[PDB]
2 protein chains.
Amino acid sequence: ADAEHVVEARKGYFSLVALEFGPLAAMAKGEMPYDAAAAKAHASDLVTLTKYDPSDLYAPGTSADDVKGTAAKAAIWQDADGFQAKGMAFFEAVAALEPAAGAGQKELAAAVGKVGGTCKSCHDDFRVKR
Amino acid sequence: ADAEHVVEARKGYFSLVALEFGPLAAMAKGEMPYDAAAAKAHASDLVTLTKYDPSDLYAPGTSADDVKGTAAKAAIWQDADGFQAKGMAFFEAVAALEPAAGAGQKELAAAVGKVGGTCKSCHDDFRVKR
Ligand code: HEC
Ligand code: HEC
């Protein structure tokens, strides 16, 4: 598709991830009361998102070196193996997030912490900083 | 969280739907060669998107009457029954595209036609003509 379109989709993808992770983080932090049903609901939605195959999102020539409006580093394409590894770590942390969701604030907080680490670890090597 | 993030995720969700439907429509139009594997791949991602529960995308007070940058009509919330109806029509049509996607160009075109009808049916009633 056109580069602009791929970029819009890629950012949209992370917008959804952020939308569903947001209330889990809020609850882990104590900003928002713990609600096990709400927690499980967001958690399961996040699992669906990780099931989606994001290949089309990473069309060659759509890095920050190529088009504006994106924060995806060229590194993503030069290190396909490091990228799938950070993706896999995320997918696994999210899987663990499900059972934890309904077992208490302290457990959800622990699980959320692991997921959060995966967000950052990816950003660190593959997202431009500003 | 705030309207602006709900708005970006909703638009993001449709950007992904469009990204995956795009190659299916081009193949059906004869604008790109029929490739059964690729068709199957895009179809299956579309199925995964229809599984994502979109409830959080439709937070009250996020229609075009409320915030700028959205094309979602207040009608979505006024006619929740009819909206759900349009959504299911889309869900079902997408479910029928999967097996057809790799059965041939004519089969794929017919099925993509059905899906296409659902996109526009929902847009006619619930999306601002912008
Ligand atoms: C790598 C495999 C990543 C994982 C795991 C996470 N994110 Fe990330 N993200 C990644 C990239 C390459 C980008 C840039 C996208 C672009 O093209 O610019 C992002 C971006 C985001 C953003 C910004 C979205 C926007 O509107 O522009 C958010 C809010 C975001 N990411 C959040 C996020 C969270 C909450 C994660 C864990 C639950 C997470 N990401 C993981 C790469 C990767
Ligand atoms: C209702 C049940 C819909 C279905 C079925 C389809 N779409 Fe739609 N779409 C709908 C709404 C309410 C909106 C507005 C969202 C907003 O908040 O503005 C949209 C928007 C789009 C867009 C624009 C996305 C953007 O970046 O702003 C596209 C490209 C789009 N929709 C495509 C699309 C396709 C290809 C569909 C069928 C396969 C389809 N949509 C179905 C509502 C509904």
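Sequence positions for chain A are given in Swiss-Prot numbering; the residues included correspond to 20-149, in order.
Positions of Cβ are set from backbone N, Cα and C atoms, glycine also.
Feature annotation from Swiss-Prot assigns heme c binding site to A:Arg29, A:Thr89, A:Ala90, A:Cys138, A:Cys141, A:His142; the stated evidence is experimental evidence. Taking a C-beta cut-off of under 8 Å and a sequence gap of six or more, A:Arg29 (heme c binding site) has these contacts in its own chain: A:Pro73, A:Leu76, A:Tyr77, A:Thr81, A:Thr89, A:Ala91.
According to DSSP, A:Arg29 (heme c binding site) sits within a helical segment. In the three-state DSSP reading, A:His142 (heme c binding site) counts as helix.
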